[PDB]
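Protein chains in written order, with the authors' numbering: chain D, 462 to 681, 687 to 723, 736 to 785; chain J, 375 to 529, 573 to 804, 814 to 869; chain B, 3 to 52, 70 to 121, 129 to 202, 209 to 244, 262 to 425, 440 to 467; chain I, 3 to 39, 73 to 120, 131 to 202, 211 to 243, 262 to 338, 340 to 473; chain K, 231 to 267; chain L, 239 to 269. Backbone N, C-alpha and C fix where the C-beta goes; we use that ideal spot for every residue, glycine too.
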Amino acid sequence: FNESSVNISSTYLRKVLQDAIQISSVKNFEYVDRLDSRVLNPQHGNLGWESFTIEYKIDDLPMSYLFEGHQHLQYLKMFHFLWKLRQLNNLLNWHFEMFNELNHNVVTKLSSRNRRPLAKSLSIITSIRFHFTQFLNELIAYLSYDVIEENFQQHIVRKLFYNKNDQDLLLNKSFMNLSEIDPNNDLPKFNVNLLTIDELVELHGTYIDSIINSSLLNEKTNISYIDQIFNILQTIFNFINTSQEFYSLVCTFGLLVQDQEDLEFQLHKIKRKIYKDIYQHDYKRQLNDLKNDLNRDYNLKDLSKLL
Amino acid sequence: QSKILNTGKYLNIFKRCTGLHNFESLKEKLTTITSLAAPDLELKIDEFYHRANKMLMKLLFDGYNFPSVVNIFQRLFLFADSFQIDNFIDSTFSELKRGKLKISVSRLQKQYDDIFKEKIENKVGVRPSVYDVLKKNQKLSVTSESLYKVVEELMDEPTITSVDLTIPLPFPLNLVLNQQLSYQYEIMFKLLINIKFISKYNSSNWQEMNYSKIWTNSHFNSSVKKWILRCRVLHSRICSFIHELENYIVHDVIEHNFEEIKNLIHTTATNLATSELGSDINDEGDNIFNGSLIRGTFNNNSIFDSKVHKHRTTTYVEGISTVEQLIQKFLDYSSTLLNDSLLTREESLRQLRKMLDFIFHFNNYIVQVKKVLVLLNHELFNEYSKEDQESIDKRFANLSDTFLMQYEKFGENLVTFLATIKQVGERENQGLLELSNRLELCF
Amino acid sequence: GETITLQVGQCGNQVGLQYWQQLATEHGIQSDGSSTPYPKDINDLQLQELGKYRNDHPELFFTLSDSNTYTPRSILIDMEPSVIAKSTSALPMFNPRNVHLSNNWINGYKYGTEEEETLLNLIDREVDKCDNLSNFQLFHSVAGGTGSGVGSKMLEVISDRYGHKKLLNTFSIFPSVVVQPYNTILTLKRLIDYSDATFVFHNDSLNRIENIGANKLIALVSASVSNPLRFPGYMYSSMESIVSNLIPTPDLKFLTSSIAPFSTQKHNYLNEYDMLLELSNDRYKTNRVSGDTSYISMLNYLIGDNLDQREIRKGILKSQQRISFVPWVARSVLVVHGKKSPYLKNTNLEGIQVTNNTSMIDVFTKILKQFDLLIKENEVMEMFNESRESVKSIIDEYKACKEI
Amino acid sequence: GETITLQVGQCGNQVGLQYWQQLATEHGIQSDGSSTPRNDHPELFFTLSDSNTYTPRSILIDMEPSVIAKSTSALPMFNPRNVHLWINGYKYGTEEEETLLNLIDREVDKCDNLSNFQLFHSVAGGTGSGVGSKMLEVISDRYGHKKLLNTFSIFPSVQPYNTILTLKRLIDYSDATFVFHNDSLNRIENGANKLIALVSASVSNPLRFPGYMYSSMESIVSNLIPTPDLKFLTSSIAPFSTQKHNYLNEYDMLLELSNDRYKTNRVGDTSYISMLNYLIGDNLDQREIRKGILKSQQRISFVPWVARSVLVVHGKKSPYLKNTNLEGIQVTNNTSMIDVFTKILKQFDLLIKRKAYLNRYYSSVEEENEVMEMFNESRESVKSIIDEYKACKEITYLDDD
Amino acid sequence: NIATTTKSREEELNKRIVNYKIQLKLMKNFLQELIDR
Amino acid sequence: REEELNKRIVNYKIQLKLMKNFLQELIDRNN
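Right, dumping it as structure tokens:
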């Protein structure tokens, strides 16, 4: 995924997908065959992370004709957003592992003279990473267990299996004698509401629409919540990219043991940039604005208190 | 249209094969098409087509023992049992390496039949095996179309480049083993015989290089000793490269793909074993009449037939159920064998042709070297001459440049071949990518 | 990823046996290694009139052989063979090849050094069966003899043989004799140096919980920590992701766990809302915690079928105010919606809480005071001094954690 | 092509008995030579009569009749016509040269297309080692070098003299010599002939149970002997099979076959010259083998001038063995031979400076000179092979500097 | 741009062309055998 | 780029159809 979207070929995608299927728990999944990966728009300016999409093939069934392409497009939009969030969540884990390993390999073995300043800078960096991880985890928890799960249980499970009580079902017609039954006892009663074709299409369309057009994900400071969230995500991306430079500088400090003063100055400069600009100047300001924005909404006040 | 035509053809094949004049013996209950305006015409056609497939499938599998014909084709064409072909190459090693026209063609036929189609007869009434029937059918003949020329169309040299094997088939078996499938099998036969022959040339040359008296002689001077050591190491590299290439082609391409077909055919055989012959079709009185005629030009439902698509068929559930899929599976298998092998692209084929030519010519050069080494050392020159310093120095100087040329040519060919495999594997073929990784990890 | 479990010492083996029996029970793997057919899913509703398929990840811990037989990724290291014999008899599925058999900490450390090649070969053999390894799990007692020295030497060996490229947990059990304080400090020095995340368990607090054996609680907590890994869900599903959420800096790596005892008594918790409040209680924590404590990170585990979202949301909101967070850490409480194993008939909820609080100041203070009292070739005394200074290096750090 | 087995000495005869019992079990041949209810080819190792009886091609040679009597009684299908009954033994072999030459020529005439000679003998066998050392000379002289020889020599656990005298001819005439040590065999067991028999039986599996590849002994050996000087092979066997806790996959067989503890000879750091791994199971998963080959290539230290290729043969299990789990054998060519040869040379020098037992060999002045020159030649040849194996390790092996 | 997919598009087209080159040449050989009589 | 392969595919479809029509013509005339 590091290389541009034009470089990735079909064979590499197939190798990646098969290896990931073997590693994970999907290899025992009943319909593991149906899974298939693809790249949507192989533009030069788009990297692999910005184009990869997982596609669940249901073309072999007549059900695919009920599900119009618009619904699938809204299923690939929401997947794209969630894919970005989880990409950042995992990048922070890799950051944690690499910095923790560097702590044992270099800093703790360094000379006692300059060990303390480097230890302090490393602790600052890791604490910033911890703050970002907490924020991302809270956002993912809110989406997963208040938007996707609630909408599923409310619009699919409760529409199909529980009774769709209506004003016509209220009337008990057995006040009429109605001794007869038709067409015959041979016709089953099926534990699920009998839905028309248009009813099935509308049911799945409403279920998808509720998720994609939720309170947080709508397009409605005259700015939408999505834009603020994406701005915070860009802040985290910048943090990761700068932390990689800090990684290279500190490992070059480890390798050295007149250059020491230059490297120490660069370390101070990088620490100042990350601590002041990215975190204090950008992240805390954006999060304060977002928290104040959320309190104006009754639904999102609870999320604001945590997130 | 296809269903009607194929149903009729399949019933005709059954009647002509088993000899029945009509299907009275099966005593099955059948329903005929009452009218052209009936609503169940498509259902009736589908049922008839399924009946025809059921009968022809059971004929082929249970009666004609097709599953064993698949293993027989595997053995004879792709050397799933390489003992016999190894004996054949060993017996005619001197002939096969000679130019096409410089050797008698009729001898190869006989020297092949003594190896392959040998026989012991069985008493009257004892059933012949299908292998017994197909052994005597096969014929190996030399053809004018060389491998590198015949494969270029579907984009003297030593006789090995032009020896082919053909197997005519009984009716109806030849309908499933269509000529296009047998031709794709023949191409693989020619490729594998080339590689097997070169491996047999790499082993014999390895036997002389190590243990023949001239090469193993201890009384050479230091320079000739180091020259011999360099030559032995280079030949070891060539041997390892050829064994790696053969391993990929035979285990990573042929056997790996064949496992799927073997499993599918076993499943189909088990499915048909428990299935009766002949199916009963019933129907109601069909009182619809005017409610079904729909006379006129046509209905507006024709659009739905074109709107739907039937390109989604997979999972090979319950084995192969239609003879068309039975043929399609083997056609796909043969296409996979040709595509995976380095014969489909132009870059891969050209690099393979250069590599094989270079190895063969190197073996011939090794053979001609044996004569030169006699003159260099004295202790054995006197023995061989029974039947000057400047000249000896000239001979060694000539061998220096010749051997260096071969060494550098090998390096060039190897580099180009690896680059070509890497690009093709990254672009199209998954199987070639792992071969590229293995060969790169080798050198 | 894959997880390799290492058990050192008599206490470690006793805990690990029940830990593996717990996991085998949850995944339906019998003691002989035979697998049980997976029951149909409960929330996968189906239309109604009125074998190898699975949706869990047991192979993350057990090696699935070609003959459909599971085998734990465990390595048993000790000297007394009686405990190993009992463990193997209880669980024949343990691989005999994986067993290694042979008071002063120095003697055990030197024994581990001399025979390091064999143990290292065993570790490499276990790793070779793992593709894309994730982390190591260690079950050992800080004090007690064989466990201290052997586990410390294995800690160093594993840390430096793989370049620290995989995180390494530690399910250390702290002691509740003249040699014990020395062993505790000496082992804690290497715990500081090498371990990536330490679960502190105190035997006295475990006895306090029990009377309301002691190894069963440790096994339950350890086998419930990795519930998201074996039953993947929306969040986490990776051991590095769980640990990274509770360790802000490499120094503040010591975690402690709280356990809800009443998983079976018929007066069990009414709902998720009640259990969320009860988990914060200080009487069921596995480490003695005072009222001056402050929490650096919060993580709550919930294990049940179709948990009510309203109750969880309200419980998180109420519990957020009660908890005293460290000034420089944002108020954040996280709840893990784990999935109960379908093989378990018990329908009652279970919930384990894992915390990173500042109560470690008092515990390490007690250890340090006992060591100082007991102190009152020369190389060993230098190591004692180094351990004293290393422990103080995080004593003062946890104290400074209070300050912005 | 067909192969001829030669058994020399008591240890050789016992190992041969186990080997032929294993081979007959694999091909379902009964003790009396009758068949049991073909795709396999026992003809390469058994002579088939037109009365449906299988008899081994082996030739039994021993100084005493007790061992041969036990071997023949245990396996009645041996042909009695093939039974025949250090310096003293070698001189005795000179006297019986005509009879043995005709005896071997009978077997060669009986087969259709000879391929190679197998030899089962013990280097430390005393007199029997002498007669086997003469056997190698006579065979190599009469049949030239078109037919190669394979010797499954058993190394030793006055003996140094015998080991050096036998190793001189073993180096000179053998074409591919396996090395087995009783020390490593009994270490693995922690009887011993059942390991050697199993390894030797599996080494030829691709010949008796044909597949796609490796249909001849030339192909099997040529992959392991780049130079005729480096002719000693180290064999490794995976013992963990047929137990409940056996290897979970063929990939783990490939990874754990390389452990130094399973090798059949004492080994520190070693460099591999060539590799070839045997996998023998009814069904083999290709993708596991590909992954294992890649890991094995990335993990093993090859010498600089070798192509660095690892070859895995997909052997087929015998129908007569019921559904047994996977098993595998590894045959390698290492530079570890220098250690054992150095040990032998050190013992020989230590016991040659001290005239301990040379009175049993030096009979007169001419005998003293004869034994001295013979011993010097043997010592020089062993040093030459040690120096060659040592020069293989370095990177300037191909340089003329 | 056309969507990328795990299955090799160019491989499928190339295999189709090769299978169309076998049918053509076999048909030509048969027609040659038919015409010359 | 793959347009070119599709173009060649259709060209060979036409050529195969022409060959089959040639066979039918020849057989019809011989009868």
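Going by other Cβ atoms of all chains shown within 10 Å of its Cβ, with 16 needed for buried, is residue i buried or exposed?
{"i": "residue 247/L", "result": "exposed"}
{"i": "residue 855/J", "result": "buried"}
{"i": "residue 628/D", "result": "exposed"}
{"i": "residue 575/J", "result": "buried"}
{"i": "residue 438/J", "result": "buried"}
{"i": "residue 86/B", "result": "exposed"}
{"i": "residue 427/J", "result": "buried"}
{"i": "residue 222/B", "result": "buried"}
{"i": "residue 717/D", "result": "exposed"}
{"i": "residue 680/J", "result": "exposed"}
{"i": "residue 623/D", "result": "exposed"}
{"i": "residue 306/I", "result": "buried"}
For residue i, I'd like the list of residues in its chain whose CB is within less than 7 Å of its CB, leaving aside the five on either flank, ordered along the chain.
{"i": "residue 839/J", "result": "771, 772, 775"}
By the criterion of Cβ-Cβ separation under 8 Å, what are the contact partners of residue i in chain D?
{"i": "residue 231/K", "result": "502, 503, 504"}
{"i": "residue 807/J", "result": "Missing here is residue 807/J: after 804, the next number in chain J is 814."}
On the DSSP bridge list, what partners appear for residue i?
{"i": "residue 344/B", "result": "374/B, 406/B"}
{"i": "residue 396/B", "result": "Answer is none; residue 396/B lacks a bridge partner."}
{"i": "residue 306/I", "result": "403/I"}
{"i": "residue 4/I", "result": "159/I"}
{"i": "residue 575/J", "result": "473/J"}
{"i": "residue 349/B", "result": "384/B, 402/B"}
{"i": "residue 142/B", "result": "DSSP lists no partner for residue 142/B."}
{"i": "residue 9/B", "result": "95/B, 165/B"}
{"i": "residue 234/I", "result": "200/I"}
{"i": "residue 515/D", "result": "498/D"}
Excluding the five sequence neighbours on either side, which residues of its own chain have a C-beta within less than 8 Å of the C-beta of residue i, listed in chain order?
{"i": "residue 466/D", "result": "500, 502, 503, 504, 505, 507, 508, 509, 511, 512"}
{"i": "residue 76/B", "result": "278, 279, 280, 281"}
{"i": "residue 833/J", "result": "647, 651"}
Taking 6 Å as the limit between beta carbons, can you name the residues of its chain near residue i, skipping five residues before and five after?
{"i": "residue 467/B", "result": "376, 377"}
{"i": "residue 687/D", "result": "none"}
Please list, in chain order, the chain B residues whose beta carbon lies closer than 8 Å to that of residue i.
{"i": "residue 599/D", "result": "381, 383"}
{"i": "residue 327/I", "result": "151, 154"}
Can you list the residues of chain K that residue i reaches, using a CB-CB cut of under 8 Å?
{"i": "residue 474/D", "result": "234, 235, 236"}
{"i": "residue 574/D", "result": "The contacting residues do not exist; residue 574/D stays about 54 Å from chain K at best."}
Given that residue i touches chain K, what residues does it touch there, using C-beta distances under 7 Å?
{"i": "residue 761/J", "result": "244, 248"}
Going along chain D in order, which residues have a C-beta closer than 9 Å to the C-beta of residue i?
{"i": "residue 239/K", "result": "471"}
Please list, in chain order, the chain I residues whose beta carbon lies closer than 8 Å to that of residue i.
{"i": "residue 82/B", "result": "319"}
Residues of chain J with CB closer than 8 Å to the CB of residue i, please, in chain order.
{"i": "residue 256/K", "result": "596, 597, 600"}
Scan the stretch 267–318 of chain I and note each continuous alpha helix (DSSP H) run of 4 residues or more that stays entirely inside, going in chain order.
The stretch 267–318 of chain I contains these whole alpha helix (DSSP H) runs: 276–279, 288–293.
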